[PDB]
Amino acid sequence: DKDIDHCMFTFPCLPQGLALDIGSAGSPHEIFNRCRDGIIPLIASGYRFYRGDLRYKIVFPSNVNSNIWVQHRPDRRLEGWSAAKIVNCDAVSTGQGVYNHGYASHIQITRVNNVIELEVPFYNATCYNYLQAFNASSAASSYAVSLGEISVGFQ
Amino acid sequence: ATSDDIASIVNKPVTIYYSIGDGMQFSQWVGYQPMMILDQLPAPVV
Amino acid sequence: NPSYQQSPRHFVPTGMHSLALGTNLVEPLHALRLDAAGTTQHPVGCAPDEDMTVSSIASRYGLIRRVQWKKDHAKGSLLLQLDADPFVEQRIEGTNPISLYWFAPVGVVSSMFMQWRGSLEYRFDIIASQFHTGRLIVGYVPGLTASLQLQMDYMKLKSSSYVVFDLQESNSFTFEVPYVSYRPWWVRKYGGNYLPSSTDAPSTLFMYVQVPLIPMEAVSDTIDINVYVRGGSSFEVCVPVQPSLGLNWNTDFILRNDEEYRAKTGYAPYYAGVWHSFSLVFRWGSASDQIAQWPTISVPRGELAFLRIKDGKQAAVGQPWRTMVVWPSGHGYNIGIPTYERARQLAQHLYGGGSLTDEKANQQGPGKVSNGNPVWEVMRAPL
Amino acid sequence: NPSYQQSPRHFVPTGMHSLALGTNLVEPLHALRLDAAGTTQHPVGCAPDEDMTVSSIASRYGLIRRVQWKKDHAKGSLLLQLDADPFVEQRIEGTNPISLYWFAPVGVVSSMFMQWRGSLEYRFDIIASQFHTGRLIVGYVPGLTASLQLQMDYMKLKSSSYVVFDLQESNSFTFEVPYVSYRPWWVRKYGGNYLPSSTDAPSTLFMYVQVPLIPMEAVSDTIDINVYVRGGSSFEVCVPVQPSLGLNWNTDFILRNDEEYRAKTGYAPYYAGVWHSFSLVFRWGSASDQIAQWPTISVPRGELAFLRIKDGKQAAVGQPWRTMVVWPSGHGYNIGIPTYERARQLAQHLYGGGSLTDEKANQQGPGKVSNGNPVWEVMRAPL
Amino acid sequence: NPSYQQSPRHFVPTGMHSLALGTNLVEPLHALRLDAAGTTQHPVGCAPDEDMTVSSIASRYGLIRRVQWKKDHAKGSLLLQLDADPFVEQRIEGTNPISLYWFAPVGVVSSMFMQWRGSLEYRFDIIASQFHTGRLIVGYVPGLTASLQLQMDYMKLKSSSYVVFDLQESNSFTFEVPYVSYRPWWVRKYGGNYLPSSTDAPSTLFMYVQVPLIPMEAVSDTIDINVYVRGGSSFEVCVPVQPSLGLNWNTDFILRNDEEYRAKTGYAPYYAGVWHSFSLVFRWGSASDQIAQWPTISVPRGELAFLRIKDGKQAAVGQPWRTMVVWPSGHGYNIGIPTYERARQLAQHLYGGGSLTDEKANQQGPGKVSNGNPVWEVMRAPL
Amino acid sequence: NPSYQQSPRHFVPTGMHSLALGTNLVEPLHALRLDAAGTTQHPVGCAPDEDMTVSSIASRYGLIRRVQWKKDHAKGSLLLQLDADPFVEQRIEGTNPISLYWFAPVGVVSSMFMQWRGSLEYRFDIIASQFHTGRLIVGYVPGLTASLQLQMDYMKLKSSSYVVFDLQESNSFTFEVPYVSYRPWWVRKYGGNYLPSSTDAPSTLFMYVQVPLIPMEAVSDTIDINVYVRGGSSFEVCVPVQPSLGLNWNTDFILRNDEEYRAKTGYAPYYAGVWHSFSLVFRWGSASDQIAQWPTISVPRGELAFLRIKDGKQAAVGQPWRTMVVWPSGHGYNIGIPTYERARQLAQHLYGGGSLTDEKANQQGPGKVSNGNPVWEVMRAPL
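Protein chains in written order, with the authors' numbering: chain V, 53 to 207; chain S, 208 to 253; chain W, 2 to 279, 284 to 323, 325 to 346, 349 to 368, 376 to 398; chain B, 2 to 279, 284 to 323, 325 to 346, 349 to 368, 376 to 398; chain X, 2 to 279, 284 to 323, 325 to 346, 349 to 368, 376 to 398; chain L, 2 to 279, 284 to 323, 325 to 346, 349 to 368, 376 to 398.
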């Protein structure tokens, strides 16, 4: 049972592409099954470091009307390429699972236009971040893969 | 759409248009073929 | 953050840009290109040789008539009486049910326009040696209706504008047909498939035999005359309307006579399926309240009608469903009930004064839809 | 009326301006003022004395530690080993279930930011007369993890950066803690209520006793040392994230353990009311299909559970409805049936294999809603 | 308040900016930054050393072939016949069900583009001492189809463009493969997973043995030849389409054969639950009319089929529901009825000509959803 | 047609322009004029003589007090103690249930504003001949609360600001009341109909009798003193809020006590009509599910209540429907059942534990709606 604060889903925001979800063995996501990996991690496969921003343009369903908030959370470390993916959030145990205050947010009204378009800035304390797949050897290296961790939630 | 919203899509019309967009340059003159006159087409007799 | 507190704009939305406008108008789009300033380019060998232009398409002779001019034609025999419009006609003697037609380029480029004006130019190539001698009027009567189209001769032609040509050595000439009308433009001859707004030509072009052909005994008695049409130097067309012509690329035409029976528009393809408010019934979709609706059959008083499809291969396949009883369900539309004789007895019950709820699913199976909207034959029987 | 026939703009709608952006951006609004150019003004005595600014808030000493320095401390005794981050801690010894905490202004202004860097400044006020003589190291080890936090002494401290202070007459000094890390910034210590992303300090500040205190027989054997923290001249913070701190203005905290039972979110307040598809049932609204939904109770196989509220004053009042039987209505959700023992027998019927429609309104009355979403106690009994 | 009475603008809405356009186009957004003029910056050690650019990625040799050149090769033996496209191939001899492949950087950067043109550059490193003497043709036949790929020798190669290399002391050379085609560009070899639009190379690169290897008795009889590929100085690619390559970061691939059975897309996860129009039935949601729909099983005439899941751990758990009977509910879709043999008898009733409403909830419990969309096995039995 | 491929704007819609803003703001509209530049014009005799302006409305004396000053007043008798705010009061001794009031123009123009400041000006016209001699203090105490309003005399008045006037020949003077407060502005006395935010005056104006009146034996012993109020040269008001005053143009006021009964808001006018889910019932509209809803009557346990309207002329007319039984229909709201004693027996059935569906249209007719929302009287009887 979701409250108004509860984030509907999250994803770490990185140009390397997510940990590629083909899908379940019965029902595969046919684009990531058949059209493997696309262009941007095919070019970012050929480099090691990156320093820059990302844009997102999340497209929402049109049957819904509810107002949608979007958080950018640069605090979040990425613990390995496992769970470097979109996480449908379960019941709330920490401050990960809710709307938070100080982080940069935006609210798309679904009734006006069901697409929010973003510009996720380079808020890392690094020179540049890692760009291949990531196994998290160092404990502070995980602060240097994704730009942050965007969470989208319905009200 | 998923397969639950796919039922409102079924047998709805989608019409496409076209124009030629300012760069179109038809090159080699070839004469016309046999035409058919439209108002000689038969009327739907009641 | 300065706060902007002035009053904002107050518009009108519209859903779409103009379809009609095409010249002086920067049309915004969503380009599927990668560059926002990119435009397709024409290098030195990809260059456009032909400017697409009505005065360059209409300024091309197209062969339109072949005239048989023999020795035994008298001094007044008609060779052609074609009309003085760009829609001069040459019909193909083919076996198709709709006849194709040859047009000059002035006719095809003038068929997309409502109005035209200006001089035409007919080139007559009198195919002869220098030993054929002849002479022929090519005249022009301004304003002949179809009742005055007959009662012509060359002597009535000489009262109007005419041109007498001497076939001795040079054997080709261009008669530039004048534009004489009461109207600055002139409405197109054919139009779309619409029998009014079909206006005949301003005037008629004739070609008689002024002096008959005198061939030598070594050359032939007969001569072909080719007649070519060109939009002249003053020819011009204006208002773009529906073209009166179609291509021969697909000459198939579907006559929509009302004697045959089918489902309504938008309710096909359909398959046999169950429905909770009604046993099988033909459904066009998987959601509820998506029954295929059917037109009312004009059954006279005291009779009945069941159905049998003309082609069982196009039918919905559960057995392929070839018989059906169309009857109102009570929800304002006619359902089509698939049957196994049983259609005849059900038509005896329904048209005889019964109902659907009177006492008088396992056959669904794969649920193959029909091949589009198949044509159903109405079998009729007395009550 | 000139007709404007050029093509119009082609935008994107969005519902809302930016919440994130706050500097270089004219933000349009709907002012509830009467003048469109009006802005709040600050006269000569309403003037802002304090520029709100991180480098003016962090440049203020806040007392953070009180150190007891006695005569009997040896020549190596530790006085403090606090961390070299702005989140230096002083806990209040209070009786509240959540402990409050004192922070320096550099800690509170640095708790709203993800990262920080730069030198800190600790002011040590060694409260002594001019007749106390002492000497103490205030050193700084760059990069101590928590396992290397032990096994320290002042001799390992002297290998790193350190400062030896002579307490003779002047009895205050500022040790400006260096910023040595591998990282240009440094991630905040605590974070939001989120146990990962909790990074310990870059380095540790120590304070030992180099030469022990030598007090005269007329002055006291003990000395308090106050330790103040300030963001230095090079201290700076960057990325604004959720603050790791909350105010003490409302220290109430609600533990959401799942053992207690209540209605679902959005279906409270609720009152006893009739419903046509179901006798009373708890409704959250006056329109139809507005039944209060209830969570499924984790009843093991072979037992049953009825309900009894912990506080009858918060219950819906028709008698105040303190007992209830939660059971699926068939419409995909669990209804809560108010009962008069009868809840036990109804749970014997439903969990024993019965139904609602088996044979086994006047009590509605005023229809008082419950006090919000009251907590329901699950009473459990064997079948 | 002046009243603005002029006519306002007259636009078109669109929901979204362009996804395709990426160069000459100021793209408005909602930045999650705090400054509206802020842009990420690159200090002196965070500087971009590599300009990302096709002519800098394609201008890098990648090893593509290892050639075994022995002493006993004759004066015409083929060493390689690889194609003259950037998609030169080296396959890994691995045990994966889908084979991975090594490409040169010109091949990967050319696999994201539809077309390419320009010279390639092959670097041959003939790994030899100064005491190996050899000589080899590296030729180039413009326009060989696959039927003319055989019937080659070095003598047919010498009629086209070829290069004869003398291995005496310098033991490396770059043959710059010409671009000879009838087409200014050249369509990519592989394409997306789409078997047409798969165009073979413009031409073929060969490498024979002109003069056989003459090694000394102290050096080895065999020599490895490394073959490197680079996009030349004139190499260039244009139209960005779907890449023909995927990464090895997730080599799992799911074959979607239709023999196994599952729920429809969007109706999973599902749990056993009650429904008012139907006893338990699998529901994908808590609201009414949210029954999980199921595909129609292709049961032949005279037989029947019940269900049993392949993995009971992925099933919905009330007991874990491993058996089910799929049958039309009458609302236009197939429901899945959970059963306790009972599935076999219910399939005997339904496929034998019965109904759901013929005479022939307490097991719901926790209502655990299935693990996604679990695969159901169709057990088939005669009627 | 150039294609416009640049990215378009990215706005926010709002439904309406500002209601609050009124000065520096071009407000776009849809003029019902015929000219888009047309503005109403003021010719030479239609000219605006009065600039509408607070400093021109407040700068007008309005009579506010009539003071009876007799011969037998002592040397300390109070003549007025009115407050030093613009809301000086003169009540009309009328027979209306709400009392009307006279205000000065400074009071009415100051009643639309939250705050005021500045000096007031009281003009005292001591209507006397030149043979009346008197002398009177008009003083001003800054800051008197209501508990210190008593215990005044003229001797405490002389310690504050005061003015002693000599009535000998000139018989009018203006005391300009100072503005002394702790606050730069001063919150309005009355406010809207809201009992807090009702702040008494900054200070009080007094007028005693310094030297008693000495009239001659030919002139009268009594003198009227008119007291006029004007906003001074420094008077000014700022924040526009709800006016604390209403006009006398419609002095009717409707007390909304909850003891009487009526339909809910939005469900009137209503007429007797049939409804399919329920016999007649009061409907507010012609479509289905448009039953007039009714509030729940607070019937105590063990009693009952039927209804009878106070005015049968305002009732719905089928006979005019004057009796009704309000009871829940099961759809979440209370219906009103028209009855013919029968209402008493139906209330005995429903409140006694029955139902609507227990066994225990032709009267519809014209279907006249009720006169708005008529007041229903609740008749109560024991069960």
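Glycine included, each C-beta is placed from N, C-alpha and C at the ideal position.
Checklist entry - When the cut-off is 8 Å and only beta carbons count, does L:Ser291 lie next to chain W? => result The residue you call residue 291 of chain L lines up with position 286 of the sixth sequence. No - not a single Cβ of chain W is within 8 Å of the one on L:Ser291.
Checklist entry - So what's W:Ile226 in DSSP terms, helix, strand or just coil? => result Residue 226 of chain W sits at position 225 when you count from the first residue of the third sequence. W:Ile226 falls in the strand class under three-state DSSP.
Checklist entry - Quick one: Cα of L:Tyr62 to Cα of B:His31, how far? => result Working through the sixth sequence from its first residue, we reach residue 62 of chain L at position 61. Working through the fourth sequence from its first residue, we reach residue 31 of chain B at position 30. Near 39 Å, if we compare the C-alpha coordinates of B:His31 and L:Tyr62.
Next on the checklist: Does any residue of chain W have a CB that is nearer than 8 Å to the CB of L:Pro29?
Outcome noted: The residue labelled residue 29 of chain L in the question sits at position 28 within the sixth sequence. Yes, its Cβ sits closer than 8 Å to a Cβ of chain W.
Checklist entry - In or out: L:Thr54 buried (at least 16 other Cβ within 10 Å) or exposed? => result In the sixth sequence, counting from the first residue as 1, residue 54 of chain L sits at position 53. L:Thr54 comes out exposed.
Item to check | Within 8 Å, strictly: CB atoms of L:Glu28 and X:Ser4 | outcome: Working through the sixth sequence from its first residue, we reach residue 28 of chain L at position 27. Working through the fifth sequence from its first residue, we reach residue 4 of chain X at position 3. Yes, the Cβ-Cβ distance between L:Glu28 and X:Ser4 is below 8 Å.
Checklist entry - Can W:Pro326 and W:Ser112 be called in contact, C-beta distance under 8 Å? => result Position 320 of the third sequence, counted from the start, is the residue given in the question as residue 326 of chain W. Position 111 of the third sequence, counted from the start, is the residue given in the question as residue 112 of chain W. Cβ distance not < 8 Å, so W:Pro326 and W:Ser112 don't count as in contact.
Item to check | Cβ contact (3+ pairs, closer than 8 Å) linking the region 380-395 of chain W and the region 300-314 of chain W | outcome: yes
Item to check | First through last residue of the alpha helix (DSSP H) which encompasses B:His357 | outcome: Here residue 357 of chain B is taken as the residue at index 349 of the fourth sequence, counted from 1. Note, B:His357: alpha helix (DSSP H), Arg350 to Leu358.
Checklist entry - For the region 124-184 of chain W, which segments carrying the alpha helix (DSSP H) assignment without a break, of at least 4 residues, lie completely within its bounds, in sequence order? => result 155-158
Checklist entry - By the criterion of Cβ-Cβ separation under 7 Å, what are the contact partners of X:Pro3 in chain L? => result Taking the first residue of the fifth sequence as position 1, residue 3 of chain X is located at position 2. What X:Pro3 touches in chain L: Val27.
Item to check | 8 Å contact criterion, which V:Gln184 and V:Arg100 should meet: CB distance rounded | outcome: As a first step, residue 184 of chain V is located in the first sequence; it is residue number 132 there, counting from the start. As a first step, residue 100 of chain V is located in the first sequence; it is residue number 48 there, counting from the start. About 7 Å separates the two Cβ atoms, so the contact holds.
Checklist entry - Should B:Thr146 be labelled buried (16 or more other beta-carbon atoms within 10 Å of its own) or exposed? => result Numbered from its first residue, the fourth sequence carries residue 146 of chain B at position 145. Under this definition B:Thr146 is an exposed residue.
Checklist entry - In whole angstroms, what separates the C-alpha of B:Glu237 from that of V:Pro67? => result Looking up residue 237 of chain B in the fourth sequence gives position 236. Looking up residue 67 of chain V in the first sequence gives position 15. Answer to the nearest angstrom: the Cα atoms are 29 Å apart.
Checklist entry - If you count every other CB in all the chains shown that lies within 10 Å of the CB of L:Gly361, and 16 or more means buried, which is it? => result The residue labelled residue 361 of chain L in the question sits at position 353 within the sixth sequence. The residue is exposed, with fewer than 16 neighbouring Cβ atoms inside 10 Å.
Next on the checklist: Counting only Cβ pairs nearer than 7 Å, list the residues of chain L close to X:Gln6.
Outcome noted: For the purposes of this step, residue 6 of chain X is identified with residue 5 of the fifth sequence, where counting begins at 1. The contacting residues are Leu30, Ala32 and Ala37.
Checklist entry - When Cβ atoms are compared, which residues of the region 236-252 of chain B fall closer than 9 Å to chain V? => result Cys239, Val240, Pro241, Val242, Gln243 and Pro244
Checklist entry - Which partner residues of B:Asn340 appear in the DSSP bridge assignment? => result Start at 1 with the first residue of the fourth sequence, and residue 340 of chain B comes out as number 334. Looking at the DSSP assignment, B:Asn340 forms a beta bridge with B:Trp299 and B:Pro334.
Next on the checklist: Once DSSP output is grouped into helix, strand and coil, what is the label at B:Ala273?
Outcome noted: As a first step, residue 273 of chain B is located in the fourth sequence; it is residue number 272 there, counting from the start. Three-state result, B:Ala273: strand.
Item to check | X:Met208 burial status per 10 Å Cβ neighbour count (16 or more: buried) | outcome: Residue 208 of chain X sits at position 207 when you count from the first residue of the fifth sequence. Buried: at least 16 other Cβ atoms inside 10 Å.
Next on the checklist: Check this for me: beta carbons of L:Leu81 and L:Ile93, under 8 Å apart or not?
Outcome noted: Translated into the one-based positions of the sixth sequence, residue 81 of chain L becomes position 80. Translated into the one-based positions of the sixth sequence, residue 93 of chain L becomes position 92. Result no, Cβ atoms of L:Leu81 and L:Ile93 do not sit closer than 8 Å.
Checklist entry - CA-CA distance, X:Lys368 and V:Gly147? => result Position 360 of the fifth sequence, counted from the first residue, corresponds to residue 368 of chain X. Position 95 of the first sequence, counted from the first residue, corresponds to residue 147 of chain V. Roughly 54 Å separates the two Cα atoms.
Item to check | Distance CB(X:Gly193)-CB(V:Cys179) smaller than 8 Å | outcome: Here residue 193 of chain X corresponds to residue number 192 of the fifth sequence, with the count starting at 1. Here residue 179 of chain V corresponds to residue number 127 of the first sequence, with the count starting at 1. Not in contact: X:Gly193 and V:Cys179 (Cβ atoms no closer than 8 Å).
Item to check | Member of W:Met217, W:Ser57 and W:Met115 whose CA lies at the smallest distance from the CA of W:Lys71 | outcome: As a first step, residue 71 of chain W is located in the third sequence; it is residue number 70 there, counting from the start. Taking only the C-alpha atoms, the option nearest W:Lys71 is W:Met217.
Item to check | Stretch-stretch touch, CB-based, cutoff 8 Å, three pairs: the region 77-86 of chain V with the region 133-142 of chain V | outcome: no
Item to check | Amino acids of chain V, ordered along the chain, whose beta-carbon sits closer than 7 Å to that of B:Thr266 | outcome: One-based indexing of the fourth sequence puts residue 266 of chain B at position 265. Those within 7 Å of B:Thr266 in chain V are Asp53 and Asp55.
Checklist entry - CA-CA distance, X:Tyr229 and V:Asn165? => result Counted from its first residue, the fifth sequence places residue 229 of chain X at position 228. Counted from its first residue, the first sequence places residue 165 of chain V at position 113. Cα to Cα, the separation comes out at about 52 Å.
Item to check | Burial state of B:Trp276 (16 or more Cβ within 10 Å) | outcome: One-based indexing of the fourth sequence puts residue 276 of chain B at position 275. Its Cβ being crowded by 16 or more others within 10 Å, B:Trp276 is buried.
Next on the checklist: Bridge partners for V:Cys65 per DSSP, in chain order?
Outcome noted: Looking up residue 65 of chain V in the first sequence gives position 13. V:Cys65 pairs with V:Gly200.
Next on the checklist: I'd like to know whether the C-beta atoms of V:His158 and B:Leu20 end up nearer to each other than 8 Å.
Outcome noted: Indexing the first sequence from 1 puts residue 158 of chain V at position 106. Indexing the fourth sequence from 1 puts residue 20 of chain B at position 19. Cβ distance < 8 Å, so V:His158 and B:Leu20 count as in contact.
Checklist entry - Given W:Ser130, which residues of its chain have a CB within under 7 Å of its CB, disregarding the five upstream and five downstream residues? => result Numbered from 1 along the third sequence, position 129 holds the residue referred to as residue 130 of chain W. Answer for W:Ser130: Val220, listed in chain order.
Checklist entry - On the three-pair Cβ rule with 8 Å, is the region 148-165 of chain L touching the region 95-110 of chain L? => result no
Checklist entry - Does the beta carbon of X:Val45 come closer than 8 Å to any beta carbon on chain V? => result Mapped onto the fifth sequence, residue 45 of chain X falls at position 44. It does not; no Cβ of chain V falls within 8 Å.
Item to check | Where V:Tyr195 sits in the DSSP three-state scheme | outcome: Taking the first residue of the first sequence as position 1, residue 195 of chain V is located at position 143. V:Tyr195: helix per DSSP, three-state reduction.
Item to check | Boundaries (first-last residue) of the beta strand (DSSP E) holding W:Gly192 | outcome: Against the third sequence, residue 192 of chain W aligns to sequence position 191. Where W:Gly192 is concerned, there is no enclosing beta strand (DSSP E), given that its DSSP letter is neither H nor E.
Next on the checklist: Given this structure, state the Cα-to-Cα distance separating V:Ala77 from X:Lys318, to the nearest angstrom.
Outcome noted: Position 25 of the first sequence, counted from the first residue, corresponds to residue 77 of chain V. Position 313 of the fifth sequence, counted from the first residue, corresponds to residue 318 of chain X. Rounded to the nearest angstrom, the two C-alpha atoms are 15 Å apart.
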